[PDB]
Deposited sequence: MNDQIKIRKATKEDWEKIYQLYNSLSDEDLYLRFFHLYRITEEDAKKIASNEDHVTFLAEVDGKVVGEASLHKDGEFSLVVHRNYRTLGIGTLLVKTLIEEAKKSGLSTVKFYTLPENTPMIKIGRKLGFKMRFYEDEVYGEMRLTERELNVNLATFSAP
């Protein structure tokens, strides 16, 4: 399980990962964007195949997705920890995420990592002040 920073040359690999995900997975991966309508990306690789992708934006917001067959192995948690580390190195004041209330796995990660949660019927908001 290797976690590395993504480069422009990884676009094709990420594209293939996305093509294998469900519409539900993609909806959750870009939840906030769907709701309201530079960045650093990390990938989780098994062999030479990207099985997980996580991105951090300049405003502290992050998101990620792990292929269904590679879930519950701790990858999502490791990717979020990687993003938090990146956020601290880049001097961000806060990191945050948005998802659906039914997304138990993500909320579990958020809570165990220290994120303060705000719940609503249409969405949930997690946030952690770093500075």
Per the record, deposited positions without any C-alpha are 1-4, 42-52, 147-160
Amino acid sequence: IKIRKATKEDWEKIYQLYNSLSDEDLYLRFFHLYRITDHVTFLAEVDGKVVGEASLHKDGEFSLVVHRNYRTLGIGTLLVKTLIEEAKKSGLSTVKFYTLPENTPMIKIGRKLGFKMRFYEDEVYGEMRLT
From here on, numbers count along this sequence of modelled residues.
Given the B-factors recorded for C-alpha atoms, which segment has the greater mean, 75-83 or 48-56?
-> 48-56
Avg C-alpha B-factor, entry values, 104-112 vs 9-17, higher side is 9-17
Would you check the entry's CA temperature factor for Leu33 and let me know if it's in the chain's lowest, middle or highest third?
-> middle
Temperature factor at the Cα of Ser63, chain-ranked in thirds, falls in the lowest
By its CA B factor, does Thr99 count among the lowest, middle or highest third of the modelled residues in the chain?
-> lowest
Of the three thirds of the chain ranked by Cα temperature factor, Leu43 occupies the middle
